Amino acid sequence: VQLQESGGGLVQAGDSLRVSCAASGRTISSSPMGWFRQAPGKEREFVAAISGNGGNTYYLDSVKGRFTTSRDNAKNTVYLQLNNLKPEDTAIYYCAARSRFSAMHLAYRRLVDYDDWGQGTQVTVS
């Protein structure tokens, strides 16, 4: 219900970063979770989602093979591993949770699909 992100920072192209999204107030072990990124002055864009049941993920074409997300149900935490980072990746990274009626296989890919949002954590790629 409450989403707290950490990780990310300033790196050069080709480096890796680890974004963590820690949930409190309620479990996300059955919540569809998404990753969005926003460069201030541009629209928030979809990066990645994990289905409610954890069995289906989906990635923005441009990050396929670079970014991977997983949910650790025990730690109530979702992770975004950002490998082979590029200048285009420079953004505030947001986790989001869906708490409304959900199909549990569906990796939700739209901003209107989600209900609760982290504060965001900045990734800068030099």
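Residues carry their position along the shown sequence, with the first being 1.
(message) If you take the mean CA temperature factor per stretch, which one wins between 109 to 117 and 5 to 13?
(response) Looking at the recorded C-alpha B-factors, 5 to 13 comes out higher on average.
(request) Using only the Cα atoms and their B-factors as the entry lists them, report which of 91 to 99 and 72 to 80 averages higher. (result) Averaged over C-alpha atoms, the B-factors run higher in 72 to 80.
(request) Classify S51 as lowest, middle or highest third according to the C-alpha B-factor given in the PDB entry, relative to its own chain. (result) Lowest third - that is where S51 ends up once the chain's C-alpha B-factors are sorted.
(request) Would you mind checking where the Cα B-factor of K64 ranks among the modelled residues of its chain, as the lowest, middle or highest third? (result) As the PDB entry reports it, the C-alpha B-factor of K64 lands in the highest third of its chain.
(message) Using only modelled residues of the chain, where does the Cα B factor of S126 rank: lowest third, middle third or highest third?
(response) Answer is highest: the recorded C-alpha B-factor places it there.
(message) Is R37 in the lowest, middle or highest third of its chain when residues are ranked by C-alpha B-factor?
(response) It belongs to the lowest third of the chain when residues are ordered by C-alpha B-factor.
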